[PDB]
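Going by the order they are written in, the chains are A, B, C, D, E, F, G, H, I, J and K; count residues from 1 in each one.
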Amino acid sequence: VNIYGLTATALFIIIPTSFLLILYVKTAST
Amino acid sequence: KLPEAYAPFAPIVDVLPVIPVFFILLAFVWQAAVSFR
Amino acid sequence: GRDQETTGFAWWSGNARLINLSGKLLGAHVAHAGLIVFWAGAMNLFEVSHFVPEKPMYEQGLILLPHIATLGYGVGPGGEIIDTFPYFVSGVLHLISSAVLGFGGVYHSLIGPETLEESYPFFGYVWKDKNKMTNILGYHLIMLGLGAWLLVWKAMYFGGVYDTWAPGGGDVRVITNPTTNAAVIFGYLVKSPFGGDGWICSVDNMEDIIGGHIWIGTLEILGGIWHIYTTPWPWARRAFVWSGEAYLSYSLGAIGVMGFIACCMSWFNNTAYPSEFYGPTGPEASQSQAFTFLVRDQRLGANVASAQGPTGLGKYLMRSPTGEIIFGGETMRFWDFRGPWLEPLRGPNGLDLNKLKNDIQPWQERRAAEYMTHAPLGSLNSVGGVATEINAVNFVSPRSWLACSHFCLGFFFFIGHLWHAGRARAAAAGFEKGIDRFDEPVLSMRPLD
Amino acid sequence: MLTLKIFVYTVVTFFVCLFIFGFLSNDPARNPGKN
Amino acid sequence: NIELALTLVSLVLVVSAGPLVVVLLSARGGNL
Amino acid sequence: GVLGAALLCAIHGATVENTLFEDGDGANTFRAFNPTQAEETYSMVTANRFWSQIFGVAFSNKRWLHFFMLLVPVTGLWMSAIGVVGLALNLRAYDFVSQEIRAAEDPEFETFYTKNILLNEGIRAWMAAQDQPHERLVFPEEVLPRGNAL
Amino acid sequence: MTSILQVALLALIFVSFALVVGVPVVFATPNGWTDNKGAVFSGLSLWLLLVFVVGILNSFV
Amino acid sequence: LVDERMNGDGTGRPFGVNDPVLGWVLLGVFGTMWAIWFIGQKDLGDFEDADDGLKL
Amino acid sequence: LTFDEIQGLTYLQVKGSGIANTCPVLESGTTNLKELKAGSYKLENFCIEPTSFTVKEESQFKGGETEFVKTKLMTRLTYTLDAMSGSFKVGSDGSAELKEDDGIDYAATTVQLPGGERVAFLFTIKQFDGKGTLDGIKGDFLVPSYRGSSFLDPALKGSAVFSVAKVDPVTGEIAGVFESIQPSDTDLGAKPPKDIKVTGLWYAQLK
Amino acid sequence: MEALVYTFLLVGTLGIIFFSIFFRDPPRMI
Amino acid sequence: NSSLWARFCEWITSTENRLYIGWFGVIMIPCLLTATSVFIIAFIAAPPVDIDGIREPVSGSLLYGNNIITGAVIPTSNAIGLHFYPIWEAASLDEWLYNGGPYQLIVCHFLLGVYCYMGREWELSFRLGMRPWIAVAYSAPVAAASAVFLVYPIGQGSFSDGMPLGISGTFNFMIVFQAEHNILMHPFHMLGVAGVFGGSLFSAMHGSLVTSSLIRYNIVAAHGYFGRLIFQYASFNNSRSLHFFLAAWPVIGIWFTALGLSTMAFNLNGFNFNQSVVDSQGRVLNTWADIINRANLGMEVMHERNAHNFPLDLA
């Protein structure tokens, strides 16, 4: 219920997802 | 126990049940005789 | 023998070289049958030589004598043993018959003709004949039916069978009126296998067993006569593989199912497997413990009905989910157990309190104590009791050994069905050796699945 | 509550019959090999 | 004592009965 | 990781042995293999199609497949080693505070986690008496945790 | 007459051992079955006679 | 009785049917599927000759 | 089913049918109730079968008041008291007395009230002692603790009202309807006890 | 709240599995 | 043209589908989807289930104060025993939830699904002209699942002794089983552990050796490397032999561990070595087996808090 746990989970879900999407889009465009 | 008339032959029976197992081993020995042709 | 170059089968698969050698295959089968009979006779003699008639059979780890005793040979009322000569006779008869069968097998394997398709056309057969195979199947079906009718005659005319549901302790009885009604006989087969029903493991009287054996013997004789004078219909040829390995796989699957059924029947049933010889079952031990504790506490002076347990359900007696009065505690799972020593205390709606008060005979109490002592629990070291026990007992119930061994055998034979059925189908198709490498089926298929 | 039993029985029977009659429909000749 | 003696004697005799046939056939050049 | 490594070993062995090319005569396929041959002994395409139609995804690169087989167990045991390193300092993932508080507050709250906690307590109390002699622990029979039902 | 029964039983054991040692040898030996039919027939007949005699003696004991 | 139940758990009825409508449903579904298969049997090829079918 | 039909069935036939939880019905007899000769009798085969399990609950809405609401049963059957034995005295004027001594006089039960809350209790009438007319006899009984003292985490009295409805003087076999109110489970002191109202039928063979 | 987070995580994992099974890169030259 | 059934069976037995819907598939798919749906719905939200049959339920749902690790689908109630408990046999749906029906439904449908999955593996092996023994290898986890979910409840007489469908349920089941049967001391569990460890070892070794030999299909240099390393020249120089061994080892290990599980289902426990080494006077000397016995005794006393009422746990 703590804010720290929820925000850590959200960041861990989102940031690597964004990084992987960046790399995949770069690869697919090339 | 066995009937008294057959009492002396008690030891032989003690060996009988394990005989079939030996058969399978014999097969391997036979294969060793023919050098596993 | 042969070698790998001529046959294509390595030594560790050598018996596969006999698929198209009828004489050698027949010799092998006869020798194996001789081995089976030899083990039967030798083990019977071994158990006879180590049998102490004063003690119960299940307390000495005997698994073959209980069968003969259930057939009703040398057994008095209550399972007491009168004499042990018939066991010796059966052992020696199997031993000598096995000697003869072994001689026949070694002859047919070493000297007899390799293939008997031309010298003895009656016994010859091609795996794809589809008509000689049915002839052999009919012959063996007739033989099986004759065996079943032999059991029926033994139970009906020549002596009797050990009925464990007879008044008092069970004893040998003649089944004068077997249950031949079609509905009763065939209700067992279509009954559910789950708890309470139990499928064919729920037979609770010798009359039903004998009637069922009458039915199966007659059906097998009729089916054998049918199969001798008939060939499979086109729909049968359409949905079957006709090769030796295919028949082997069918037999493997059927016999694995049979092994599983035997495991369950040995574990649960106590009519065709009297507890006076095989020992108490799983549920029987727990029910006996509860009954003995109830009797002892009532004798010491207590109200068994008004004995609330720690959880409030009831220490001694409670109600089943259907409504019957049953023993309380963790034994609620075994509330549908039935036994000859407990039924006289059962009324229309379960256990009767009035009967539990002043209708318990001493033999019931003694049997309950004896069964509760010798629970089917055990250890691989033959210890007995729960795993957290001292080394003071040397008891493992025969029921546990039978169940475990036959379940393992059934599982392995189901695996054998899988293997041999797959290989037979592949070999009949023609790609059991590998992909063609030049006409590969996948390369001609549309890509992207 | 018995209507649920009827529906389940119908579905199970339909699927089991499909399975049974599927293998009777000349299944062994569905292989891609040459024979 | 004596019972164990006969047990071992029978055991060794019956065990040796097996490979003795193979040895005899190999010596006599049988089709083993 | 360990179970996945065993799974990968089993599937790779079965798939390779069930997709061989008919490189020789007879049924004994083991003999139909020349160790000096320069041709593949099993059909990668057939295995790929089979596993893509059965499971949904299938390998298409031999190097990647064998590297995955290498990589799974190594990662699994490295993570186990890190966990044991954490245990060495009593840094235990022992309890969930929320469920412990809920169980303490509500006497009707039971989960498999609480039953595991009770089993652990029983193990500790009944085993430390003889496991650690240097503590000279003498637990009276009345203080050992025990199911009161008996 | 337990002594006679035991002697006959021991003779049966010896004959059976000889038969089980000899029959595979006779069968697997090339050109051996043709020239040893009489010995094998006599051995088998003696085995059957001894087992029947042992049975009768058991009936008398 | 507080409520109503089917009351057939331990009765061991054949095929688990306690109402004739269940047996009628069983037979109807089986008959419909068998009729469809029988009608479509013409496309599966007839094994009229004595020696036919997959074999080795 | 009457007593004769119940006793005419073997155990195998009854098993799995739910009959074992039922209570015998008095088809014969008269409803006059004046054919019951005055005196004392040994009450045996005293059986009781409930029909409703309404529980008193506080209304969820603020403006509402506590009311008895219906519930759904959880435990499969196992809620029928049977084999009870005691004494039954009936007076010539019209007064009567009822007392229960022994038998299966209690049964643990759990019912869920609407909203998901499930409440357990111990349906019992043990040590009942009622006095009054044939119609409207009232008494009280003891309710033991729901669980024993040995239970570990991870007295009370209740009233009852019987009323004989039909009597069979030749063979006794008195039948009627009853209503009772008893406290709920109060174990662990985690919540205040609630009141369960139970109506049902009762049969007895006073001979 | 936390139950919703767990459900979202499981649903996302299942969606990724579905996309990987169906919207996969077609394999060429195996 | 062809009749309706001909077109239907052509579509079913078609290798052009994205996922092969075999004749085993026609049963596998509905059973597996039903089990998945019921499992998901029960895991997300389900009331506490009375596993012990002593009128105390345990909660295993996310909406009932649980998380992923401690959530589970609670096994069927002890009072049910081995009786069939479908939905239509319960008076109300809430009663079905209370007594633990969903576990039984999921277990039955899942077992049917895995059996038909093995069948479908064989079927698609057949339709593509492959040797059909992948299903034989797959049978080992299938056998283990059957022993865990079906054979053990049958032997113990109740479904409440089966494995709960949850992460903490697995650990509780394992602790229970070691307490009651001494799983660790059984030769078959030792063989299963050996099979699993050897599977991991051979997987890692084969992967490393093949990857290292895939220079710019395995060459003979890897065999020489392996022979030099562990002094086992000619032990594995045939690729087919090596891959067959890789397939055979873990499958046999898992078969034997599943058989040991099913054996203990009928109360045939493992080795017992407590009170074995004895002093000359007669005193008992403790051994590591005795410490294992002490741990088992500690596990057993707190096994069921309020379920037993008799001194000996016969059930």
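Quick note on the criterion: contacts are C-beta pairs under 8 Å (C-beta built on N, C-alpha and C of every residue); 3 or more make two chains touch, one makes a residue touch a chain.
Chains and their UniProt names: A = Photosystem II reaction center protein M; B = Photosystem II reaction center protein K; C = Photosystem II CP43 reaction center protein; D = Photosystem II reaction center protein I; E = Photosystem II reaction center protein Psb30; G = Photosystem II reaction center protein Z; I = Oxygen-evolving enhancer protein 1, chloroplastic; J = Photosystem II reaction center protein T; K = Photosystem II protein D1.
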Per Cα centroids, the chain farthest from subunit A: G
Which of I-K and F-I has more C-beta contact pairs: I-K
Distance between the centres, which are taken as Cα means, of subunit G and subunit E, whole angstrom: 18
Distance between the centres, which are taken as Cα means, of subunit H and subunit D, whole angstrom: 10
Distance from the mean Cα position of subunit D to that of subunit B, given in whole angstrom: 52
Residues within subunit D bordering two or more other chains: 1-2, 5, 18, 23-28, 31-33, 35
Per-residue multi-chain contacts in subunit C, two or more chains: 1, 4, 192, 195-197, 235, 238, 240-241, 309-313, 320-322, 336, 425, 428-429, 431-432, 434-436, 440-442, 445, 449
Contacts with 2+ other chains: residues of subunit B: 6, 10, 12, 14, 19, 34
Interface residues, subunit I side, partner subunit C - complex: 6-7, 9-11, 14-22, 75-80, 82-83, 102-108, 122, 126, 144-148, 150-151
Subunit J partner contacts - residues on subunit A that touch it in the complex: 1, 6, 9, 13
Subunit F to subunit C touching residues, read off their complex: 19-32, 43, 45-46, 49, 52-53, 148-149
Subunit C contact footprint on subunit B (complex, rising order): 1-3, 6, 10, 13-14, 16-17, 19-20, 23, 31, 34, 36-37
Of all residues in subunit G, those that touch subunit B in their complex: 2, 5-6, 9, 13, 58, 61
